[PDB]
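Asker:
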Amino acid sequence: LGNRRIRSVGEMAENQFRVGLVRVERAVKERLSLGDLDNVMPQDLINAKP
DNA sequence: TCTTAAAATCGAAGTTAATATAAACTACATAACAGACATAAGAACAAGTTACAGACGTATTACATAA
Numbered sequence: 448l449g450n451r452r453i454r455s456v457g458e459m460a461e462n463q464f465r466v467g468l469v470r471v472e473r474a475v476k477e478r479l480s481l482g483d484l485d486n487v488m489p490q491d492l493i494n495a496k497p
């Protein structure tokens with residue numbers, strides 16, 4: 448049992464949230480690379496639905 | 001003749017009922033929807049054509065009455 452671990456609701460919630468965050472981060476990096484960022488707000492860059 | 005990667009299999013019922021991310025403008029042709037008209041089909045009324053029924057009228061026979 449020192450070689451097997453317990454993973455609870457907090458850990459897997461964190462894991463899935465991090466997966467969604469990476470999913471957002473890919474598109475955010477794609478958008479930031481364009482350059483035209485004069486009229487962009489932080490709420491116009493991320494994607495809450497993933 | 002000996003490794004080494006693939007290929008295939010692994011009990012019945014029973015229950016069970018799904019998800020959820022990520023160009024715009026313009027030009028043209030076609031299909032669909034609505035309205036109106038004509039047509040075909042049925043409903044209604046009235047008449048005509050025809051035979052039979054229902055009770056009457058007639059014809060026939062038998063009884064009664066008159067000579």
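FYI, the numbering for the first sequence is 448 to 497, going by full-length UniProt numbering. Here a beta-carbon is modelled for each residue, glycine too, at the ideal position from N, C-alpha and C.
1. Measuring straight from C-alpha to C-alpha, what distance separates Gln463 and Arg454?
2. Straight-line CA distance for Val475 to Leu492?
3. To the nearest angstrom, how far is the alpha carbon of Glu472 from that of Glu461?
4. By the three-class DSSP mapping on this structure, what secondary structure does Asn486 have?
5. Can you tell me which of the three DSSP states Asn450 falls into?
Answerer: Let me lay it out:
1. 13 Å
2. 6 Å
3. 16 Å
4. coil
5. coil
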